[PDB]
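Below, each chain spelled out in residue letters.
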Protein chains: 2
Amino acid sequence: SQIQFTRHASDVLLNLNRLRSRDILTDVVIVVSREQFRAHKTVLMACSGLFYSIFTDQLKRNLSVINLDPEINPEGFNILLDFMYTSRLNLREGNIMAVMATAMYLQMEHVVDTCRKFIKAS
Amino acid sequence: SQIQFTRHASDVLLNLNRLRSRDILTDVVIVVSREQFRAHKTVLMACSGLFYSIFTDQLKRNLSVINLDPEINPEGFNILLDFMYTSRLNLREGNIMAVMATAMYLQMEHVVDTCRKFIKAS
Ligand SMILES: O=C(O)c1ccc(Nc2ncc(Cl)c(Nc3ccc(F)cc3)n2)cc1Cl
Ligand SMILES: O=C(O)c1ccc(Nc2ncc(Cl)c(Nc3ccc(F)cc3)n2)cc1Cl
Ligand SMILES: [Cl-]
Ligand SMILES: [Cl-]
């Protein structure tokens, strides 16, 4: 019977993205070939089956550096990292293939489904 | 513009609350009189002016224990901590005063405004 604040979840995500933009309390660097990206492990876990399966393991919990598969495109990863922190996906014809490839690797089923719905109406 | 995922923010907050429930990557303990509560500093900062003002300071960034004002009711605090992680506020006639007192201290303006609208509507 609790009071529902319908803007609170989007407000928290916006603030977490602002902390990321300021490098505040980011605890991991994601290396994607020649490019590197800082992030909060909790956010990565909250969005990705890959990152969830890594950091829930007490063996890997404390890793400060994650090297992604060499085949992953840094731009495709960055669009997905932006999606994690904003709820907005930069999808188009020019990147649909690399974006879907990365979302499949990161195990982000809703992005994969949306990529499959983008193809179906292309 | 970019594709909007209207459930993504809520999905991220639910997953952060599940991580809290499993004590995964919690990095602070909030001491409230005889009681203690573990949490993610990022989430506390994202929801509270108090915690944002403490942890944005490089001097205080790495604190692992925050002792709140002795007057703060642990129950009012727990209701607000649950709100931070769920977007749902447990307000009643029996706790409005302690929850409002706590939200003023924690600098959570939207909760303070809702507490002011609860009083105005009996
Ligand atoms: O769909 C299910 O059956 C299912 C239900 C609940 C659940 N719990 C959970 N708790 C905390 C986090 Cl941080 C999290 N992250 C996450 C995991 C896998 C992903 F592909 C994406 C994100 N998931 C996990 C699963 Cl796999
Ligand atoms: O009041 C304003 O005009 C204002 C506008 C934007 C802003 N930016 C911000 N970026 C990151 C985080 Cl984690 C955050 N947390 C937070 C801060 C103060 C609060 F009472 C609650 C939450 N706020 C801070 C303020 Cl103070
Ligand atoms: Cl997804
Ligand atoms: Cl608030």
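Residues numbered from 1 in each chain as written, not as in the entry; some residues may be left out. Chains lettered and ligands numbered in written order. Heavy atoms only, no water.

As deposited, the entry is annotated with X-ray crystallography as its determination method and 1.60 Å as its resolution.

## Some details on the interface of chain B and chain A
Here is the rule: Contact between two residues is taken to exist if any of their heavy atoms lie within 4.5 Å; hydrogens are not considered. Two parts lose some accessible area (1.4 Å probe) when they are put together, and adding that loss for both gives the buried area. Whenever a carboxyl oxygen of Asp or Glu lies within 4 Å of a side-chain nitrogen of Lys or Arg, that contact is scored as a salt bridge. Between N or O atoms, a polar contact is any pair within 3.5 Å; within protein, one atom must be a potential hydrogen donor and the other a potential acceptor, and residues adjacent in sequence are included only when both atoms are from side chains.
With 38 residues of chain B in contact, the opposing surface of chain A contributes 37 residues. Summed over both partners, the interface of chain B with chain A buries about 3500 Å², with 68% contributed by carbon and sulfur atoms. The interface formed by chain B and chain A includes 0 salt bridges. At the junction of chain B with chain A, the criterion picks out 15 residue pairs in polar contact.

## Side note on the site of ligand 1
Quick reminder of the rule: What makes a residue near a molecule or strand is one non-hydrogen atom of that residue sitting within 4 Å of it. To measure how exposed things are, a 1.4 Å probe is used in the Shrake-Rupley method; for residues, cover is taken only from the protein chains shown. For helices the rule is a DSSP run of H or I covering at least 4 residues; for strands it is a run of E covering at least 2, with both sets numbered from the N terminus onward. Residue polarity is assigned by list, with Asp, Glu, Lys and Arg as charged and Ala, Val, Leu, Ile, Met, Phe, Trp, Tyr, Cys and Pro as nonpolar; anything else, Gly included, falls into the polar class.
The environment of ligand 1 is made up of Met-45, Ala-46, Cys-47, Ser-48, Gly-49, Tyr-52 and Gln-107 of chain A together with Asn-15, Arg-18 and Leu-19 of chain B. At the site occupied by ligand 1, nearby residues are drawn from chains A and B. For ligand 1, a nitrogen atom lies 2.9 Å from a polar atom in the backbone of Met-45 of chain A. Between ligand 1 and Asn-15 of chain B, the relevant distance is 3.4 Å, taken from a nitrogen atom to a side-chain nitrogen or oxygen of the residue. Burial of ligand 1 by the protein chains amounts to 57% of its free accessible area of 550 Å². Breaking the shell around ligand 1 down by element, the ones donating at least two residues are α2 (41-47) and α3 (49-55) of chain A together with α1 (8-21) of chain B. Residue composition of the shell around ligand 1, grouped by class: 5 nonpolar, 4 polar and 1 charged.

## A short note on the packing of aromatic side chains
All names here are of chain A. The test is simple: Put simply, two rings from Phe, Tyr or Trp (the six-membered ring, in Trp's case) pair if the centres are within 6.5 Å, and we call them stacked under 30 degrees between planes, edge-to-face over 60, tilted for the rest. When accessible area is computed with a 1.4 Å probe and restricted to protein chains, residues below 20% of their type maximum are described as buried, those above 50% as exposed, and intermediate ones as partly exposed. Consider the ring centre and the ring normal. A charge sits over the ring if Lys NZ or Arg CZ is within 6 Å of that centre and within 35 degrees of that normal.
If you walk through the whole model with that rule in mind, you get 6 aromatic pairs over all chains. A ring pair is formed by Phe-51 and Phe-55, whose centres lie 6.3 Å apart and whose planes are at 15°; its orientation type is stacked. In this pair, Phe-51 and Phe-55 both sit in helix α3, 4 residues apart, roughly one turn of the helix. Of the two residues, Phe-51 and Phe-55, both sit in the buried class. One residue, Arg-20, lies across the ring of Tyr-85, its end atom 4.4 Å from the ring centre.

## Thoughts on the relation of the copies chain B and chain A
In plain terms, the rule: Each copy is overlaid on the others through least-squares superposition based on its C-alpha atoms.
Note on the identical chains: chain B maps onto chain A by a rotation of 180° and an axial translation of 0.0 Å, with an RMSD of 0.1 Å. With respect to symmetry, the two chain copies, as superposed, fit the operation of a two-fold axis. Among all C-alpha atoms of chain B, that of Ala-9 of chain B lies closest to the rotation axis, at 2.7 Å. A high fraction, 97%, of the interface residues of chain B reappear at the interface in chain A, so the copies pair face to face through one surface.

## Some points on the side chain of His-40 of chain A
If you trace the backbone, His-40 of chain A turns up in the loop between β3 (35-39) and α2. A polar contact is formed between the side chain of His-40 of chain A and the backbone oxygen of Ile-24 of chain A, at a distance of 2.9 Å.

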